[PDB]
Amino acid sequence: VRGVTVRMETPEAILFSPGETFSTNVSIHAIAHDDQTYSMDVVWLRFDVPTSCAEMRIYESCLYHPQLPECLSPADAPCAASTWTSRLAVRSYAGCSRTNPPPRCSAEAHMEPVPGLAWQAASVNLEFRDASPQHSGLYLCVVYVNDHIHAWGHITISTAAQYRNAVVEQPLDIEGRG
């Protein structure tokens, strides 16, 4: 029993109307099992969801290795979230530990310039002020601990008309089912 455990909770969708102001409601808890220090990076990724797509496919395995060939050029081509170039936002923490919990170890933070996009100080939730159809899409919140993904989740933030179900393409389960 060592390392860190990260648990994330959040609804898989947020339907909004044009002109509405809202915030994501992601809950993230970090449990340090030893007295080792650790770094943490909470990263937001955004993906366009084409009208022609019946659903958006998230290549789970690709999240850990977004530089792989099959990830850079997803077979489901237009309807797949398997890699990224720019990160919508990133909140970094350094020197975290059992006695110096995440809030206190806050270090740096970055956010891409997007109309109406913002976040509270020391917060990882995203706020959309005066939202519009331009903001609709698939958003992933990925939590790294010591540069390795420890937890992740997806939220389809969209107007009802633009909404498309997000499906997680994962490897076979422990029962060998796909």
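In case it trips you up, residue 1 is the first one in the sequence shown, and so on.
A summary of the deposited B-factors shows that, of 146 to 154 and 59 to 67, the stretch with the larger mean C-alpha value is 59 to 67. Looking at 164 to 172 and 18 to 26 together, the entry lists the larger mean B-factor for 164 to 172, computed on C-alpha atoms. Taking the PDB entry at face value, the top CA B factor among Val90, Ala107, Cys96, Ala75 belongs to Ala75. Of the candidates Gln134, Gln36, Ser39, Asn125, the deposited coordinates give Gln36 the top C-alpha B factor. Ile31: CA B factor in the middle third of modelled residues in this chain (values from the PDB entry). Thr51: CA B factor lies in the middle third for its chain, per the PDB record.
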